[PDB]
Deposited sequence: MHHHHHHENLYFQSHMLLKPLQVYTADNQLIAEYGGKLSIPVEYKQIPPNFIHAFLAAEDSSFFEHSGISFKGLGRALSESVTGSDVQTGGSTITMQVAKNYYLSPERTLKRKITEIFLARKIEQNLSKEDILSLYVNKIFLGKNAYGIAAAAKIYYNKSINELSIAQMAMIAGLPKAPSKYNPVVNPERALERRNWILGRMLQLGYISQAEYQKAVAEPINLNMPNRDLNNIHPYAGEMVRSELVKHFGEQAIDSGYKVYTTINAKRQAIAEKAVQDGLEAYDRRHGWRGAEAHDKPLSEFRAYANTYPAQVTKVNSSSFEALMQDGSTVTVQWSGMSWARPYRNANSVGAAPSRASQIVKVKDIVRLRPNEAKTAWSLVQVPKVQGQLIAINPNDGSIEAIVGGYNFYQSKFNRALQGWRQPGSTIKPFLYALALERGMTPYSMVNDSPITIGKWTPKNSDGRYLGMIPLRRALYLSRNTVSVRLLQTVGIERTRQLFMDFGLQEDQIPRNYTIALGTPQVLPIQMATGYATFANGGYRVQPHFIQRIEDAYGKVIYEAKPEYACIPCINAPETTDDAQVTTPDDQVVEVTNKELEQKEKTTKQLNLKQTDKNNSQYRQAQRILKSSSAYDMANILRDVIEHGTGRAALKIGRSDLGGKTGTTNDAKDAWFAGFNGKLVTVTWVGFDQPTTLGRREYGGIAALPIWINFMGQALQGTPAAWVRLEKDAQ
């Protein structure tokens, strides 16, 4: 009964094994196994006596790594039944009951062997094993063959989100429950999101150039295939092509067209000349990554991006998490950038501040002053070093004019702005108490930005992101049903809890129309609004946008904040990921904009 994770479309996507116990009949236990236990300790004062008491404990003894009982240990440590264990393996397991962490073969393999050999030595002296059995068993290595009990190979970020969140809030006992967790994840949108982030990061990566083979003269067996990339060993380099040994044992040829993109990376702002021969790109013994075409008739040279990215999409009416991608590929690490990647939003924050100016009486047409400004010793500059003077509020937001944002912040007040930022979903302790917050200096998570932008899509309400629709026990009993706060209750029929209003309907609508004007004054849709975002030195590229049914936030940046490049300002890398996702996710859906009539 593992914890099971399902999408909102009834697909089982993940299974998480917790505490395991597989009871066996005492007489089904190999005699050498019982003897390994009988030899595990120097004395017994309970032979026949210890054998009989062992029957009461054999199926429950804690043996480390979630194994309770001998059969669970045989399964967990070696992927074996009790009858398949060798004498060396039976002695290893018998050595664990006393201290399943001090004698554990995973955390302390050196200490584990010492305990095993001592029991093996005692089996020999008690005549349980022969000298030949002893010599074979003592020379035997740990031979661990641990099966994966965390099955998550369909939509890994969605599976891991459930396991990680349950363990963070409720500890490891959360996995032992055997519950069925029915998520809000839309499998079609999740698949679109995974592809859109992979494609988007590769598009950024390729224009920034070839960074060389990931390894040279290393065994091909030490590498893994992921993200539709296959490790290969270069065996021959010709003038316009190269041959490489693949993990399937075959030798493939990469033609010129498959590698000619490989201009060399110099820095984020510079690439070398287009390569003129295959020897400039690869060397014999290099470990490279190849990708086949549709039918495997041609192979091309690819590169795993160094840059990272994420995508989070929520329903703005109730906060349901529809799709989530935490990085280029789950194989890289379990880190989920949508939920844990704290970054500065930069200009992506501006709609939140400008909404407060709208609340305070201003209109999208109100004239605002883009002029030099000094506060104490601080002189904020516009990214372009120019000043536009009196301009409409909507133009100031479209152009992300820093001096306007600071004046608006001076007008509305720092504390009122911080409070509204918290109402949008930003974290109190991550919001500085100074004027730089108008420039997007708070640290935020992409999921908080998506919560904030949902406010514009839903008419001025605070929704809360959620990923559980229901929980059932292992027997089909529904034991939890989501009761989210809804922005618009009648909109469900197309319930009980009404979301709190955080902006006047008129302010939310004015901002949604500004953001639609922004997107339309740069998909074949007319119901989308969105804002690009950038941070100083182009360390982040963001895009936050929506229609009435879906809010998506995309981000691109290096994990160790570093420039994306001078031509990468203005959220350039993040926008195509959002466009691809939104276009495909919304395909076949009617126009859904702001609700002016339906309550």
{"query": "In sequence order, the deposited-sequence ranges that have no modelled C-alpha atom", "finding": "1-18, 65-125, 574-617, 646-652, 730-731"}
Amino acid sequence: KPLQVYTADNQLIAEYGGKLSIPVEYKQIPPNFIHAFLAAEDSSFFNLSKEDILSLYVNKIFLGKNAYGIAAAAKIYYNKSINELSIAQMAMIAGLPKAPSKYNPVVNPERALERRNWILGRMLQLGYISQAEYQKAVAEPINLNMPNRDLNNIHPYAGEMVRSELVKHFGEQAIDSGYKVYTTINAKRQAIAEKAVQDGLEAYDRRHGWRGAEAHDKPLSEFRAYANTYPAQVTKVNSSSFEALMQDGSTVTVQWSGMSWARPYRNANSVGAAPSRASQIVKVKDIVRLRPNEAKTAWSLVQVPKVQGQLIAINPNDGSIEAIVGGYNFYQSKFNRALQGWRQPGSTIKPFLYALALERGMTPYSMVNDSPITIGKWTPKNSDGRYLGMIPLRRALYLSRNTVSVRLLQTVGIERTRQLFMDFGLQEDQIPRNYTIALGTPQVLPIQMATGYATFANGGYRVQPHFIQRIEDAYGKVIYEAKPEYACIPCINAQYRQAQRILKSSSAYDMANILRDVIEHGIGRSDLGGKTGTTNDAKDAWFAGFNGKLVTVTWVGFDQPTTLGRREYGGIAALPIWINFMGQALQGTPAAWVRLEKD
From here on, numbers count along this sequence of modelled residues.
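So that the term is clear: the rigid core is the largest set of C-alpha atoms that superpose within 1.5 Å between two forms.
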item: Higher-deviation stretch (C-alpha RMS, rigid core fit) in 4 other deposited structures of this protein, choosing from 201-209 and 246-254; value: 246-254
item: Higher-deviation stretch (C-alpha RMS, rigid core fit) in 4 other deposited structures of this protein, choosing from 358-366 and 454-462; value: 358-366
item: Mean temperature factor over C-alpha atoms, higher-scoring stretch between 580-588 and 20-28; value: 20-28
item: Given 421-429 and 321-329, the range whose Cα B-factors average higher in the PDB entry; value: 421-429
item: Given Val551, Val556, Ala67, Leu38, the residue at which the Cα B factor reaches its maximum; value: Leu38
item: Member of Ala227, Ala191, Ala268, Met146 with the greatest C-alpha B factor (per the PDB record); value: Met146
item: Position of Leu3 among the chain's modelled residues by C-alpha B-factor, lowest, middle or highest third; value: middle
item: Among modelled residues of the same chain, the CA temperature factor third for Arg525; value: highest
item: Relative C-alpha B-factor of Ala541, binned into the chain's lowest, middle or highest third; value: lowest
item: Chain-wide C-alpha B factor ranking for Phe335, given as lowest, middle or highest third; value: lowest
item: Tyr354 CA temperature factor, ranked by third within the chain; value: lowest
